[PDB]
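Novice:
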Amino acid sequence: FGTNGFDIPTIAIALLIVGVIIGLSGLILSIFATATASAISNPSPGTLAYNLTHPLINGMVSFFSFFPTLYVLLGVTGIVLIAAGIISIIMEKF
Amino acid sequence: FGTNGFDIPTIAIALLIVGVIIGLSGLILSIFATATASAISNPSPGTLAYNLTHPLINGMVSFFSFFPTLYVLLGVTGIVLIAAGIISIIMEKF
Amino acid sequence: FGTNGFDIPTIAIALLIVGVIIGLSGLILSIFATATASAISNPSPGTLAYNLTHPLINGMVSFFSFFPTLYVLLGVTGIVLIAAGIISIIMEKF
Amino acid sequence: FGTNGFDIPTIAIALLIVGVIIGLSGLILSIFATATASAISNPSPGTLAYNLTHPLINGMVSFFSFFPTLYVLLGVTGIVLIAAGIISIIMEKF
Amino acid sequence: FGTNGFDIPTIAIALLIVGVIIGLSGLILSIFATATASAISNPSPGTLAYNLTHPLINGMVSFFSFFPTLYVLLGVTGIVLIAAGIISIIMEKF
Amino acid sequence: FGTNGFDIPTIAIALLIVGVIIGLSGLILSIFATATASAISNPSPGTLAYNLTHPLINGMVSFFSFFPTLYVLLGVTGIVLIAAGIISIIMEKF
Amino acid sequence: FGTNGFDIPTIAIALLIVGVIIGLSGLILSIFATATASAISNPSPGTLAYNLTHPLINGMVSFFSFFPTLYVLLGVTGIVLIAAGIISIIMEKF
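Residue numbers (UniProt numbering), protein chains in the order written: chain U, 62 to 155; chain P, 62 to 155; chain D, 62 to 155; chain L, 62 to 155; chain A, 62 to 155; chain X, 62 to 155; chain E, 62 to 155.
#1: According to DSSP, simplified to helix, strand and coil, what is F67 of chain A?
#2: Of the residues L:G136, L:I143 and L:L85, which one's Cα is nearest the Cα of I69 of chain L?
#3: Does the separation of the CB atoms of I74 of chain A and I74 of chain L fall below 8 Å?
#4: Go ahead and label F125 of chain E buried or exposed: buried means 16 or more other beta carbons lie within 10 angstroms of its beta carbon, across all protein chains shown.
#5: The alpha helix (DSSP H) spanning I101 of chain X covers which residue range?
#6: Given that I82 of chain P touches chain E, what residues does it touch there, using C-beta distances under 8 Å?
#7: With a cut-off of 8 Å, does the C-beta of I140 of chain A fall near any C-beta of chain X?
#8: Give a yes or no on whether the minimum CB-CB distance between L90 of chain L and chain A is below 8 Å.
#9: Is there at least one Cβ from chain L nearer than 8 Å to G136 of chain A's Cβ?
#10: Comparing alpha-carbon positions, which option in D:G107, D:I101 and D:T95 lies nearest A100 of chain U?
#11: Between U:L77, U:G63 and U:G66, which has its C-alpha nearest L131 of chain P's C-alpha?
#12: For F93 of chain L, return the contacting residues in chain C, with the cut-off set at a CB-CB distance below 8 Å.
#13: Return the residue from the list X:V79, X:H115 and X:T97 that minimises the CA-CA distance to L135 of chain X.
#14: Would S105 of chain E be called buried (16 or more neighbouring beta carbons within 10 Å of its own) or exposed?
#15: Quick one: list the residues of chain X neighbouring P116 of chain A, beta-carbon separation under 7 Å, in chain order.
#16: Among the residues of its own chain, which have a CB less than 8 Å from the CB of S149 of chain X, if the five just before and after it don't count?
#17: Taking the C-alpha atoms as reference points, what is the distance between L85 of chain X and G139 of chain D?
#18: Using a Cβ-Cβ cut-off of 7 Å (strictly less than) and excluding sequence neighbours within five positions of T71 of chain L, which residues of its own chain qualify?
#19: Given that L109 of chain A touches chain L, what residues does it touch there, using C-beta distances under 8 Å?
#20: Determine the chain E residues that contact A100 of chain P at a beta-carbon separation under 7 Å, and present them in chain order.
#21: Could you tell me the alpha carbon to alpha carbon distance between residue 41 of chain X and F127 of chain X, rounded to whole angstroms?
#22: Taking Cβ positions only, does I151 of chain U come closer than 8 Å to chain L?
#23: In or out: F155 of chain P buried (at least 16 other Cβ within 10 Å) or exposed?
#24: Residues in the same chain with beta-carbon distance under 7 Å from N112 of chain A, minus the five sequence neighbours each way, listed in chain order, please.
#25: Just tell me which of U:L117, U:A98, U:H115 and U:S91 has its CA closest to the CA of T108 of chain P.
#26: Taking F155 of chain U as the query, report the chain L residues whose CB atoms sit under 7 Å from its CB, ordered along the chain.
#27: Hey, out of D:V133, D:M121, D:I151 and D:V137, whose CA is closest to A110 of chain U's CA?
#28: How about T114 of chain A and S123 of chain X: are their beta carbons less than 8 Å apart?
#29: For a quick check, are the C-beta atoms of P116 of chain A and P129 of chain X less than 8 Å apart?
#30: Specify, as a first and last residue, the run of the alpha helix (DSSP H) that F62 of chain E falls within.
#31: Which chain U residues are close to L77 of chain L, counting only those with a beta carbon under 8 Å from its beta carbon?
#32: Please list, in chain order, the chain L residues whose beta carbon lies closer than 7 Å to that of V133 of chain U.
#33: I147 of chain D: buried (16+ other C-beta within 10 angstroms of its C-beta) or exposed?
Structure (structure tokens):
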């Protein structure tokens, strides 16, 4: 069901795959992050361990704050793909 | 029953396939998402685990909000295909 | 699901890998730094051991303060990659 | 249905294509701009980040304000094309 | 849909591409500039580091102030292109 | 989207590249200059080390004061380039 | 009763096997865990044996809390398998 490489069943299968992978990833990352939160303690505000450890958790927080826009762009890509398929169909179907 | 590549039985079979695949995908994704909801807990509003985990679920929500328009475009594609078939029939059938 | 080398499932898998590795790294570094903090003592402000040891901990603090911006740039790289993929799709999909 | 290169079905197909492409473009640009608005924050009116970032958003606003007249001219072009077709028909049809 | 090289679909696609690229660029530059603002500190008004660092941030501010007019001219170019297309159509369409 | 070598997407990409490189350069130079300021001390106003070291820091200050106008000219170059592109379009587009 | 490797009797037999194995496993693990609960005592809240033994039972509890989602995913796999069989039948049965 297509013209050259655009197959609606293939598109649906790809959507299935990407959705399941993203759900998987969220699950694994949340489960791991719970363990990370459990492991690290809060020594004190101002002794050596604090100076040694604070920037690491700051970097953790920053990167995990960067995740959402990555996911949003990944979502946007699919609309572009389906749309390019539509236009390619229209171009030479008539 | 057609002229070159437009076969109404083939079209009906393709519609069967895509519909069943989409129903399958919805079923699997919902069942998996129920497990995801069960697994992740709500630690607290403001401690480390919250900072570590909140953006992930935000990205989850965003992508799953992107799904509907993808499905709508996928549906729109079929009308274009059937219509191109109709026009191609009319062009050289007379 | 792509054109030449841009595969959304591959992108999601790569995001999974990088996120898990970064969480791992933070965990290991924090656990090791706790041991470092425990091991080294504070001899006195002005005798020989202080002169011998202070610059080392200063360098420790400095490098660990350098970590955050490294992580931020590492996060920024992914947006560039996904975006280049989007543009490459658009260029020859039409 | 024409004389040399003016084909009313071809004209209708071209109108279909351009309309769908323009709707596509508006959709994609709006969805992307929502993400852009979400990503960038407002640091403060007068510190370093403001000086560093304000002209960029000013240029964004300016270019997007330039879009409308581009679209209007693009629309005007079609009337000229159809009209040239009409005149070319009249010239040698009699 | 054109005469020699002026194709309205191609024009719309080009507008899509340029708009998306400009939005991308603004996003990346703002995100990077936030990190730049975070990294550099304010040592003091009059010691060595100030003399060493102030002209650099001055040059930063100047160039980023130069960006807007560049964007405005880039926007102006498209009106010229579409208009040249219109005139070229009119010249030999009749 | 152009005539011979003037491509608006290429221009936007070039602007992206130059802006990011300039931000990079400012970041690296400021971070290095902070270390330079930390390393060198102030011996005394009138003994040997002062005579030995003062002209070096004077040359440092002078060159870094020369940077801003270099950046301003570098910014000016882009307006000239875009403008030459506009004029070249106008010359033979009609 | 199938096409290539999808055999409904084989599927039913596999379901029988997996169900019986899972029931077996639950039985054995519960019977063993009862003995584990009987064997270990509660020395006191704060003497040496408590420090020596508490983390072990904590790890026990954690892993056994991890079991349920493992079982849920194992259950989900079968729906995917049966569904892939259905789609494979439909693809080339017509």
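Note that CB positions come from ideal geometry on N, CA and C, so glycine has one too.
Specialist: If we stick to the structure as given:
#1: For the purposes of this step, residue 67 of chain A is taken as residue 6 along the fifth sequence, with counting starting at 1. The answer is coil: DSSP assigns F67 of chain A none of H, G, I, E or B.
#2: By one-based count along the fourth sequence, residue 69 of chain L stands at place 8. Comparing Cα-Cα distances from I69 of chain L to each of L:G136, L:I143 and L:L85, the minimum goes to L:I143.
#3: Numbered from its first residue, the fifth sequence carries residue 74 of chain A at position 13. Numbered from its first residue, the fourth sequence carries residue 74 of chain L at position 13. Taking 8 Å as the Cβ cut-off, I74 of chain A and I74 of chain L do not qualify as a contacting pair.
#4: The residue given as residue 125 of chain E occupies position 64 in the seventh sequence. Exposed, by the Cβ-count rule.
#5: The residue labelled residue 101 of chain X in the question sits at position 40 within the sixth sequence. That residue, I101 of chain X, is in no alpha helix (DSSP H); it is neither H nor E in DSSP.
#6: The sequence position of residue 82 of chain P within the second sequence is 21, counting from 1. What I82 of chain P touches in chain E: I148.
#7: Residue 140 of chain A sits at position 79 when you count from the first residue of the fifth sequence. For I140 of chain A, the answer is no, since every Cβ of chain X falls outside 8 Å of its Cβ.
#8: Taking the first residue of the fourth sequence as 1, we reach residue 90 of chain L at position 29. By this cut-off, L90 of chain L is an interface position.
#9: To locate residue 136 of chain A, count along the fifth sequence from 1; it is residue 75. It does: the Cβ of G136 of chain A has a partner Cβ on chain L nearer than 8 Å.
#10: For the purposes of this step, residue 100 of chain U is identified with residue 39 of the first sequence, where counting begins at 1. Residue D:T95 is the option with its Cα nearest to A100 of chain U.
#11: Mapped onto the second sequence, residue 131 of chain P falls at position 70. The shortest C-alpha separation from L131 of chain P is found at U:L77.
#12: Checking the listed chains, one finds no chain C in this structure; the protein chains it contains are U, P, D, L, A, X and E.
#13: The residue given as residue 135 of chain X occupies position 74 in the sixth sequence. The residue with the shortest Cα to Cα distance from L135 of chain X is X:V79.
#14: The count along the seventh sequence starts at 1 and reaches residue 105 of chain E at position 44. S105 of chain E should be labelled exposed.
#15: Reading the fifth sequence from its first residue, position 55 is the one you call residue 116 of chain A. The answer, in chain order, is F125, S126, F128 and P129.
#16: As a position in the sixth sequence, residue 149 of chain X is number 88, starting the count at 1. So the qualifying residues of the chain are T64, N65 and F67.
#17: For the purposes of this step, residue 85 of chain X is taken as the residue at position 24 of the sixth sequence. For the purposes of this step, residue 139 of chain D is taken as the residue at position 78 of the third sequence. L85 of chain X and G139 of chain D: Cα-Cα distance of roughly 17 Å.
#18: Taking the fourth sequence and counting its residues from 1, the one referred to as residue 71 of chain L is at position 10. Closer than 7 Å at Cβ, skipping near neighbours: no residue.
#19: Sequence index remark: in the fifth sequence, residue 109 of chain A carries index 48 (1-based). Near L109 of chain A there are no residues of chain L at all, since even the closest Cβ is about 20 Å away, more than 8 Å.
#20: Along the second sequence, one-based indexing puts residue 100 of chain P at 39. Neighbours of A100 of chain P on chain E, chain order: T130.
#21: Only positions 62 to 155 of chain X appear in the structure, and residue 41 of chain X is not among them; the question remains open.
#22: If you number the first sequence from 1, residue 151 of chain U lands on position 90. Yes, because at least one Cβ of chain L sits closer than 8 Å to the Cβ of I151 of chain U.
#23: Within the second sequence, the letter at position 94 stands for residue 155 of chain P. Burial call: exposed.
#24: Indexing the fifth sequence from 1 puts residue 112 of chain A at position 51. Within its own chain, no residue has a Cβ closer than 7 Å to the Cβ of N112 of chain A once the five positions on either side in sequence are excluded.
#25: Against the second sequence, residue 108 of chain P aligns to sequence position 47. From the listed residues U:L117, U:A98, U:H115 and U:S91, the smallest Cα separation to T108 of chain P is found for U:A98.
#26: Here the question's residue 155 of chain U lines up with position 94 in the first sequence. Taking a Cβ-Cβ cut-off of 7 Å, the neighbours of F155 of chain U in chain L comprise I74, given in sequence order.
#27: In the first sequence, counting from the first residue as 1, residue 110 of chain U sits at position 49. Out of D:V133, D:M121, D:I151 and D:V137, D:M121 has the C-alpha closest to the C-alpha of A110 of chain U.
#28: Position 53 of the fifth sequence, counted from the first residue, corresponds to residue 114 of chain A. Position 62 of the sixth sequence, counted from the first residue, corresponds to residue 123 of chain X. No Cβ-Cβ contact shorter than 8 Å links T114 of chain A with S123 of chain X.
#29: Looking up residue 116 of chain A in the fifth sequence gives position 55. Looking up residue 129 of chain X in the sixth sequence gives position 68. Cβ distance < 8 Å, so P116 of chain A and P129 of chain X count as in contact.
#30: To locate residue 62 of chain E, count along the seventh sequence from 1; it is residue 1. First-last for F62 of chain E: undefined, no H or E at that position.
#31: Here residue 77 of chain L is taken as the residue at index 16 of the fourth sequence, counted from 1. The contacting residues are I151.
#32: If you number the first sequence from 1, residue 133 of chain U lands on position 72. Here the neighbours are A96.
#33: Mapped onto the third sequence, residue 147 of chain D falls at position 86. Buried.
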